[PDB]
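Chemist:
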Amino acid sequence: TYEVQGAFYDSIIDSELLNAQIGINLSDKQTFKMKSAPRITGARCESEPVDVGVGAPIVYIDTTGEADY
Amino acid sequence: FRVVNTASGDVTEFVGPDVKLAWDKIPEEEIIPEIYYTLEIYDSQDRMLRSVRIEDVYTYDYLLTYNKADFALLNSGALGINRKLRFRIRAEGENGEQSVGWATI
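Chains as they are written, first to last, in the authors' numbering: chain g, 70 to 138; chain d, 845 to 949.
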């Protein structure tokens, strides 16, 4: 997690002023937790549920994470 | 007596880091001998920063370094800057003074 504070600075603020933060108007503090990458946990193969013939091989994978896709 | 760096929309607003302060030549200088323009800088809450004697130059520059250090630690005593500033000048020579021009801005 990281807390973020931002603020615009005009030409008045020099590098030292920017470091000191004195000449700038800090904004509100916003906190967010960085997401976690997807990790696979298990794999399996099953036959396709069918009435006749032989089902095609279907592979299952089980994962945990946050990735949208 | 004006600042040529003033923001387009607002005269009271200046955009640059240094005040591009410029004025006009006094029309009677030609008859007058050598002349010097005394420039006085006023801090907020009426305090006066410095009085600078300027001669032969009609456009004065107040470098950002002056605002940052010349008076942040001298008058205020702490690291900082001044935004609300008042500027005003006069035109005077030796063996006399011209207090009418002392009144400016």
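For every residue, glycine included, the Cβ atom is placed at its ideal position computed from N, Cα and C.
(1) Could you give the residue range of the alpha helix (DSSP H) that holds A89 (chain g)?
(2) Leaving aside the five residues before and after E857 (chain d) along the sequence, list all residues of the same chain whose C-beta is less than 7 Å from its C-beta, in chain order.
(3) My output table needs one value for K864 (chain d): the three-state DSSP class, helix, strand or coil.
(4) Quick one, which residues of the segment 79–100 of chain g are near chain d if we go by CB-CB under 9 Å, in chain order?
(5) Express the C-alpha separation of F915 (chain d) and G921 (chain d) in angstroms, rounding to a whole number.
(6) Closest to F77 (chain g) by C-alpha separation, out of g:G134, g:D83 and g:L95, would be which residue?
(7) What residue range does the beta strand (DSSP E) around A112 (chain g) cover?
(8) Check whether the Cβ of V896 (chain d) lies closer than 8 Å to any Cβ atom in chain g.
(9) Thinking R930 (chain d) and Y886 (chain d) are a contact (beta carbons under 8 Å), I'd like their distance in whole angstroms, please.
(10) So for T850 (chain d), helix, strand or coil by DSSP?
(11) When the Cα atoms are used, what is the spatial distance from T100 (chain g) to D900 (chain d)?
(12) Quick check on DSSP: helix, strand or coil for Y910 (chain d)?
(13) Where does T70 (chain g) fall in DSSP's three states?
(14) By the three-class DSSP mapping on this structure, what secondary structure does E135 (chain g) have?
Modeler: According to the data block:
(1) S84 to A89
(2) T850 and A851
(3) strand
(4) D79, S80, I81, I82, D83, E85, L86, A89, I91 and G92
(5) 8 Å
(6) g:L95
(7) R108 to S116
(8) no
(9) 4 Å
(10) strand
(11) 58 Å
(12) helix
(13) coil
(14) coil
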